[PDB]
Amino acid sequence: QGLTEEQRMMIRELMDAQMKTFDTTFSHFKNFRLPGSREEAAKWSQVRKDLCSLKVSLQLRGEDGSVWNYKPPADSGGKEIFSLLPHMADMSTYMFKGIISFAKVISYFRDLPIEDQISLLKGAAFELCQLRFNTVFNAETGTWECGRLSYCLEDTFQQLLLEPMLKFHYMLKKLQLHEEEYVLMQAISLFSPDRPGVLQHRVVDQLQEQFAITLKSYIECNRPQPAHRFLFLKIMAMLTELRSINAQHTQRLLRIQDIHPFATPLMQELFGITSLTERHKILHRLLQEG
Ligand SMILES: CCOP(=O)(OCC)C(=Cc1cc(C(C)(C)C)c(O)c(C(C)(C)C)c1)P(=O)(OCC)OCC
């Protein structure tokens with residue numbers, strides 16, 4: 001090990017939260033939906049760009065051994081480019097509920113004021129959701145293996161690595177991180193002091209730095225040097241790149257939502273779709289429960 005006692009216990013708590021709130025087999029993801037003027041033309045034309053490189057087919061395995069596969073329609077210029085968004089809204093909403101439950105287990109997060117707990121969740125939800133997706137992603141077949149469900153990227157590796165979120169998943173997977181390293185990335189992402197609407201900048205910054213040092217010292221003392229000499233800094237680089245991709249994808253959601261509303265109420269709150277506690281009643285209730 002080689003970490004202080006505060007540090008070994010800090011990981012213990014994160015790992016615990018991860019264990020209690022991450023459904024790696026997706027056993028409990030049920031009841032989800034499946035497919036069955038000049039100003040506005042530029043809006044639709046930008047949504048096509050927003051959606052075209054994020055297309056997956058869907059595989060769904062049945063208890064009996066049957067397989068249902070779904071290939072999405074090719075872009076014919078109409079509403080058909082939205083066929084998977086209701087299913088994704090349910091998958092992402094299921095994921096965020098787990099992220100919220102993740103944060104509340106953590107003493108340092110729980111000790112923060114409700115309004116700051118909200119702001120931290122609004123800024124980190126996509127990021128922590130995508131870090132969790134990374135651990136079920138298979139880079140050899142381009143597939144997120146989510147228990148009975150599978151999402152495969154449709155062939156069209158050099159054109160894929162153009163979309164920043166897809167390059168991220170490949171780069172991150174290549175690093176071969178430990179469970180403990182993934183969960184530490186989550187904390188560092190969660191306790192970001194310069195999220196919109198955070199009040200206790202000083203406190204959150206102190207907590208983040210405390211988590212980064214634990215990740216830095218975890219790597220020093222659990223990896224053969226100087227092979228992984230810069231793994232910590234690589235991870236920090238990808239956290240920063242992940243903060244940027246979050247913003248881009250949040251703006252994508254809003255453009256799509258503008259012309260084809262589909263976001264769940266929890267998503268509406270998380271991403272600013274229309275008092276910080278009074279404008280986020282679902283989050284507040286989700287945070288005030290046990
Ligand atoms: C705020 C961001 O929205 P969002 O959370 O939820 C939308 C319903 C988000 C969800 C998402 C993104 C990806 C990419 C980007 C890695 C391809 C996925 O592979 C997956 C699955 C479920 C297939 C694992 C889900 P979006 O980035 O990608 C849609 C595939 O949606 C933004 C428009």
# chains A, B, ... in the order shown; residues from 1 in each chain; ligands from 1
>>> residues_near_ligand(ligand="ligand 1", cutoff="7 Å", atoms="only C-alpha atoms and all ligand atoms", output="PyMOL selection string")
chain A and resi 51+54-56+85-86+88-89+91-92+126+130+133+144+151+165-166+246+249-250+252-253+256+263+271
>>> write_last_selection(atoms="N, CA, C and O atoms", output="short mmCIF file (atom, residue, chain, number, x, y, z; two decimals), in the first residue's frame")
data_model
loop_
_atom_site.label_atom_id
_atom_site.label_comp_id
_atom_site.auth_asym_id
_atom_site.auth_seq_id
_atom_site.Cartn_x
_atom_site.Cartn_y
_atom_site.Cartn_z
N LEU A 51 -25.71 13.94 -33.86
CA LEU A 51 -26.14 12.57 -33.63
C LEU A 51 -25.47 11.52 -34.52
O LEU A 51 -25.59 10.33 -34.21
N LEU A 54 -22.63 9.09 -33.17
CA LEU A 54 -22.93 8.48 -31.88
C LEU A 54 -23.95 7.35 -32.03
O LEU A 54 -24.70 7.04 -31.09
N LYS A 55 -24.00 6.73 -33.20
CA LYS A 55 -25.02 5.74 -33.52
C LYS A 55 -24.55 4.35 -33.09
O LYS A 55 -23.44 3.92 -33.44
N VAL A 56 -25.39 3.65 -32.33
CA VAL A 56 -25.10 2.27 -31.96
C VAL A 56 -26.26 1.38 -32.39
O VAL A 56 -27.42 1.80 -32.40
N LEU A 85 -33.35 7.59 -28.95
CA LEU A 85 -33.23 8.52 -27.83
C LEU A 85 -34.12 8.18 -26.63
O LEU A 85 -33.64 8.33 -25.50
N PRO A 86 -35.37 7.72 -26.78
CA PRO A 86 -36.11 7.33 -25.57
C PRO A 86 -35.44 6.20 -24.83
O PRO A 86 -35.37 6.22 -23.59
N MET A 88 -32.25 5.54 -24.76
CA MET A 88 -31.05 6.09 -24.14
C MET A 88 -31.39 6.96 -22.94
O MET A 88 -30.68 6.95 -21.94
N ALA A 89 -32.49 7.72 -23.04
CA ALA A 89 -32.92 8.52 -21.90
C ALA A 89 -33.18 7.65 -20.69
O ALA A 89 -32.76 7.99 -19.57
N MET A 91 -31.83 4.63 -20.20
CA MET A 91 -30.55 4.07 -19.75
C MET A 91 -29.74 5.11 -18.97
O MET A 91 -29.19 4.80 -17.91
N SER A 92 -29.66 6.34 -19.49
CA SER A 92 -28.91 7.39 -18.81
C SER A 92 -29.54 7.76 -17.47
O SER A 92 -28.83 7.89 -16.46
N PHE A 126 -22.92 13.48 -16.31
CA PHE A 126 -22.48 12.85 -17.55
C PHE A 126 -21.10 12.22 -17.38
O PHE A 126 -20.85 11.09 -17.83
N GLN A 130 -20.17 8.33 -17.81
CA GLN A 130 -19.28 7.82 -18.86
C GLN A 130 -18.08 7.07 -18.30
O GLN A 130 -17.61 6.12 -18.94
N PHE A 133 -19.66 3.65 -17.65
CA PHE A 133 -19.69 2.98 -18.95
C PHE A 133 -18.33 2.44 -19.38
O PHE A 133 -18.24 1.32 -19.89
N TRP A 144 -20.36 -1.66 -25.56
CA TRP A 144 -20.66 -1.53 -24.14
C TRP A 144 -21.51 -2.72 -23.74
O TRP A 144 -22.66 -2.85 -24.17
N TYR A 151 -24.57 -2.53 -26.54
CA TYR A 151 -24.57 -1.44 -27.51
C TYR A 151 -23.28 -1.55 -28.31
O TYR A 151 -22.20 -1.40 -27.74
N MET A 165 -15.79 11.74 -27.73
CA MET A 165 -16.18 10.79 -26.70
C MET A 165 -15.84 9.36 -27.08
O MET A 165 -15.72 8.50 -26.19
N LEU A 166 -15.65 9.06 -28.35
CA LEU A 166 -15.31 7.68 -28.63
C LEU A 166 -13.82 7.45 -28.44
O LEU A 166 -13.41 6.42 -27.91
N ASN A 246 -18.15 16.75 -21.81
CA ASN A 246 -19.40 16.98 -21.09
C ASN A 246 -20.12 18.21 -21.63
O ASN A 246 -21.27 18.13 -22.06
N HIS A 249 -21.41 17.69 -25.16
CA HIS A 249 -22.56 16.79 -25.25
C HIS A 249 -23.78 17.38 -24.56
O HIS A 249 -24.90 17.13 -25.00
N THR A 250 -23.60 18.18 -23.50
CA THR A 250 -24.75 18.85 -22.90
C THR A 250 -25.41 19.79 -23.91
O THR A 250 -26.64 19.86 -24.01
N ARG A 252 -25.32 19.44 -27.14
CA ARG A 252 -26.02 18.56 -28.08
C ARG A 252 -27.41 18.21 -27.57
O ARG A 252 -28.40 18.30 -28.31
N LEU A 253 -27.50 17.79 -26.30
CA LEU A 253 -28.78 17.45 -25.70
C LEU A 253 -29.77 18.60 -25.84
O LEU A 253 -30.93 18.39 -26.21
N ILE A 256 -31.01 19.04 -29.52
CA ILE A 256 -31.97 17.97 -29.83
C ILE A 256 -33.28 18.21 -29.11
O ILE A 256 -34.37 18.09 -29.70
N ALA A 263 -36.15 14.32 -23.17
CA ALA A 263 -35.43 14.14 -21.92
C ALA A 263 -36.38 13.81 -20.76
O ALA A 263 -37.49 14.33 -20.69
N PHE A 271 -29.51 18.96 -16.51
CA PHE A 271 -28.86 19.66 -17.61
C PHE A 271 -29.48 21.02 -17.92
O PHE A 271 -29.24 21.58 -19.00
#
>>> select_by_dssp(residues="stretch 49-250 of chain A", states="strand (DSSP E or B)", output="number ranges by chain")
A: 56-61, 67-70, 137-138, 143-146, 149-153
>>> atom_distance(atom1="atom CA of residue A:189", atom2="atom CA of residue A:102")
12.8 Å
>>> closest_residue(among="A:164, A:199, A:206, A:217", to="residue A:114", atoms="only C-alpha atoms")
A:199
>>> residues_around(residues="residue A:39", least_positions_apart="6", cutoff="12 Å", atoms="only C-alpha atoms", output="MDAnalysis selection string")
chainID A and resid 45:46 259
>>> write_last_selection(atoms="N, CA and C atoms", output="PDB file, in the first residue's frame")
ATOM      1  N   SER A  45     -30.179  20.750 -39.130  1.00  0.00           N
ATOM      2  CA  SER A  45     -28.908  20.400 -39.761  1.00  0.00           C
ATOM      3  C   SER A  45     -27.800  20.230 -38.724  1.00  0.00           C
ATOM      4  N   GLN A  46     -27.854  20.999 -37.636  1.00  0.00           N
ATOM      5  CA  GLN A  46     -26.877  20.846 -36.566  1.00  0.00           C
ATOM      6  C   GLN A  46     -27.163  19.629 -35.688  1.00  0.00           C
ATOM      7  N   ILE A 259     -35.886  20.815 -30.576  1.00  0.00           N
ATOM      8  CA  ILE A 259     -36.718  20.487 -31.722  1.00  0.00           C
ATOM      9  C   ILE A 259     -37.411  19.141 -31.588  1.00  0.00           C
TER      10      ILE A 259
END
>>> select_by_dssp(residues="stretch 48-195 of chain A", states="helix (DSSP H, G or I)", output="number ranges by chain")
A: 48-52, 79-82, 85-105, 107-110, 114-134, 160-162, 164-175, 179-190
>>> atom_distance(atom1="atom CA of residue A:210", atom2="atom CA of residue A:234")
17.9 Å
>>> closest_residue(among="A:183, A:247, A:266, A:239", to="residue A:10", atoms="only C-alpha atoms")
A:183
>>> atom_distance(atom1="atom CA of residue A:141", atom2="atom CA of residue A:153")
8.4 Å
>>> residues_around(residues="residue A:127", least_positions_apart="4", cutoff="9 Å", atoms="only C-alpha atoms", output="PDB file with C-alpha atoms, in the first residue's frame")
ATOM      1  CA  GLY A 123     -21.803  19.284 -13.395  1.00  0.00           C
ATOM      2  CA  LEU A 131     -16.491   6.692 -16.501  1.00  0.00           C
ATOM      3  CA  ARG A 132     -18.851   3.936 -15.341  1.00  0.00           C
ATOM      4  CA  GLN A 186     -15.046   9.645 -10.051  1.00  0.00           C
ATOM      5  CA  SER A 189     -14.634  14.590 -11.205  1.00  0.00           C
ATOM      6  CA  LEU A 190     -17.390  14.900  -8.609  1.00  0.00           C
ATOM      7  CA  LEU A 239     -10.407  14.337 -16.622  1.00  0.00           C
ATOM      8  CA  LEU A 242     -13.751  14.764 -20.172  1.00  0.00           C
ATOM      9  CA  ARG A 243     -14.875  18.084 -18.659  1.00  0.00           C
ATOM     10  CA  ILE A 245     -16.696  16.679 -23.781  1.00  0.00           C
ATOM     11  CA  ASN A 246     -19.397  16.976 -21.090  1.00  0.00           C
TER      12      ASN A 246
END
>>> closest_atom_pairs(of="stretch 28-103 of chain A", to="stretch 276-289 of chain A", cutoff="10 Å", atoms="only C-alpha atoms", output="tab-separated table")
residue	atom	partner	partner_atom	distance
A:97	CA	A:286	CA	8.3
A:100	CA	A:287	CA	7.5
A:101	CA	A:287	CA	8.0
A:103	CA	A:287	CA	9.2
>>> write_last_selection(atoms="N, CA and C atoms", output="short mmCIF file (atom, residue, chain, number, x, y, z; two decimals), in the first residue's frame")
data_model
loop_
_atom_site.label_atom_id
_atom_site.label_comp_id
_atom_site.auth_asym_id
_atom_site.auth_seq_id
_atom_site.Cartn_x
_atom_site.Cartn_y
_atom_site.Cartn_z
N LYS A 97 -29.31 7.98 -11.55
CA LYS A 97 -29.83 7.61 -10.24
C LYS A 97 -28.76 6.87 -9.44
N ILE A 100 -26.14 9.49 -8.37
CA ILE A 100 -26.62 10.27 -7.23
C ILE A 100 -26.48 9.45 -5.95
N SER A 101 -26.95 8.19 -5.98
CA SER A 101 -26.78 7.29 -4.84
C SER A 101 -25.31 7.12 -4.49
N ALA A 103 -22.90 9.42 -4.80
CA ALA A 103 -22.36 10.59 -4.12
C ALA A 103 -22.81 10.64 -2.66
#
>>> residues_around(residues="stretch 26-33 of chain A", least_positions_apart="3", cutoff="8 Å", atoms="only C-alpha atoms", output="PyMOL selection string")
chain A and resi 23+86-87+90-91+94+146-148
